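Have a look below at one chain only, the form deposited in one PDB entry, in structure tokens format.
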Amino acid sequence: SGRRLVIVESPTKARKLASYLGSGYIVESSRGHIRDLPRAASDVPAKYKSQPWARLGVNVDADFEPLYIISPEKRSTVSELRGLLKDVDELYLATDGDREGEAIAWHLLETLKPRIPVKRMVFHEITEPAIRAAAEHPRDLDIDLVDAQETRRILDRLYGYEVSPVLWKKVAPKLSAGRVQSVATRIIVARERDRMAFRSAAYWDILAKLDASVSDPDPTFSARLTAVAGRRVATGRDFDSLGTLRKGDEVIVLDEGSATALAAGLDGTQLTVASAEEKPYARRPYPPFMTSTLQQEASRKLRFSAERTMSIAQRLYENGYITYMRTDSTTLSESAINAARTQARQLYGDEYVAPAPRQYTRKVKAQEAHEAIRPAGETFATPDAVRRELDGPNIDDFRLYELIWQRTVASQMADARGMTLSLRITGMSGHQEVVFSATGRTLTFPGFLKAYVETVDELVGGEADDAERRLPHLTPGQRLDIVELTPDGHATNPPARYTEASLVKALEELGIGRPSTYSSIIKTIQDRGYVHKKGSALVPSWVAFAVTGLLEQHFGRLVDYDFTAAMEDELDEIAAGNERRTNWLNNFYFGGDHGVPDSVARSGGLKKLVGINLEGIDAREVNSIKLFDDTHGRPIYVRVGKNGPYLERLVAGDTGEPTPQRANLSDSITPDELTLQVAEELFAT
């Protein structure tokens, strides 16, 4: 008697809250969800097995009623939870305040079925004021929120389990499609096709080593040719992806024979500065690590895949070193802000800390389930003590901890305010007015850069955030002697493939996926054979091409990049009480007036889509990846057959034509690396 049962999701927070509430409360953890739809037919209860909609696990013929069963892993969890329910007087459902957390609370309600008072609450900070205010001010279970979550789960089931069989019939069995993984696959595939249709273009100019004597004699820097007789010399940005000069007849593309000619055209010219401006910049510090940015920076700076970053992060959180690592917020508490303030003032002095309270709040709804990943506690464990506490076969724990520490303290520092030079020289070579340009820049005060520097992407490349290129000053009209002129030839480059970091940043930017499943999408798309990793680059497979093509050509809307965003727009309306749970579900599955013109509801419903497309999809066409024509104009295809992928071409044979010529490809040749020359070598032997 007098005891209270408090259920939260994570055992760590369960132990903390138990410590700060003491006797008369027994705090336990549900470990996330405890029930779900049946994964496969085996998970369907027997007297529901011959139900026509059992393969879906959703009664779609009667207001989309889900068949919820207890997850076999969480069975013991619920056994103890039910038993423990018997010696308390009240039950505090204290899952997190988000949509899935409310749904979990409702599932606990349905599974425990308590006869005692229940109170719904959400604990933010683990302190006596916050916990007291959370317990003394309970609220009701948000059935609109639970309904929105149910709509999300049901849509993802109908999508995955109705579209995937189409893939089994048209492409190959055991293959999968889904709202998130199919769009990730389509992102990678689309970038690869961009790489296949890319045609590089060549363009020259001149690079110059210059000195500074006659200017203000207070010594070797570089410059590049920029304009010829009032006409800019072409650079990589001036060509489209087909090598065509981009919509501009006001640019001249130099070649070797010309660049050398001007290089020797006038070596004795005194270069005369023409125009010069000064540009100071004030760049604000980086927000603290959330799941996405921590995975990206741990990938680019420490070479950790998303999965490993999450393993190490899990150990660091469960052992008390860092805050919860599955989050989508960059806000901090006053305690963390002041902690990073004191550490920054300590290691970098009082002149390198932020003058104004740097708070990095986002824009979504206020109901922040979690906050940014930070070193846990009122005081930050020093990275040296962490260094000696973590040693053995896993120093990576300390490495990622050092990352999170340095980023977090960097978040509450003053801005960096360097300065860049815009140096424009002019002259004449031959008889033509030539314009040279150059840009260097130095950091006056590194600020937060003294603690944290973001790492440029590996395949994308670019200038570092703290990069500095120094050079002497100059005045308008000052003279400059040409030390050396050397011609330089460049070519345009195809767009870069995605790394795990850039893929994750992409998905996040589209508002798809979540902090808990980012690494899971990558694992999934690799496991289904859609994506394989070459170095750090994500390379799509041929059957990824076939699947992706089927999806955009017959289930287009379902793989639109903003599908997820429109869905979220609908579910927000469900959660606000503006729309009913099965209103848009009925519209989406069976058809009707609803949403954008391209919506599945307008197109007649997902059911009608799968029904007519399961009969009228050319499997040959879906499994024939159009590449290019040969030199005789005969098309060349990558056909994905039961024995793997083979390169096919229709040939003129003995008694005329047509006859297939085939040559199957080892998976070691990426799609873009297969040119026509490669294709006819493979066709040869």
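Quick note: we count residues from 1 along the sequence shown, nothing fancier. Between two forms, the rigid core is the largest collection of C-alphas that superpose within 1.5 Å.
Form deposited in another entry: not shown, discussed below.
Chemist: Superpose on the rigid core, then report which one of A276, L242, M196, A172 has a CA displacement of at least 2 angstroms between this form and the one not shown.
Modeler: Spelled out, the residue whose C-alpha shifts by 2 Å or more is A276.
Chemist: Is the C-alpha displacement of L56 equal to or greater than 2 Å between this form and the one not shown once the rigid core has been superposed?
Modeler: Yes; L56 is a residue whose C-alpha shifts (by 2 Å or more) between this form and the one not shown when the cores are overlaid.
Chemist: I574: CA shift of at least 2 Å between this form and the one not shown after core fit?
Modeler: Yes; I574 is a residue whose C-alpha shifts (by 2 Å or more) between this form and the one not shown when the cores are overlaid.
Chemist: Tell me, please, whether between this form and the one not shown the C-alpha of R75 is shifted by 2 Å or more, with the rigid core used for superposition.
Modeler: Comparing the forms between this form and the one not shown, which are aligned on their rigid core, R75 does shift its C-alpha by 2 Å or more.
Chemist: Against the shown form, C-alpha atoms of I373 and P11 in that other deposited form: closer or farther, for a change of 3 Å or more?
Modeler: Farther is correct, given that in that other deposited form the C-alpha spacing of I373 to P11 is increased by at least 3 Å.
Chemist: Note whether the distance between the C-alpha atoms of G97 and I322 decreases (closer) or increases (farther) in that other deposited form, against the displayed form; the change is 3 Å or more.
Modeler: They are closer; the C-alpha distance drops by 3 Å or more in that other deposited form.
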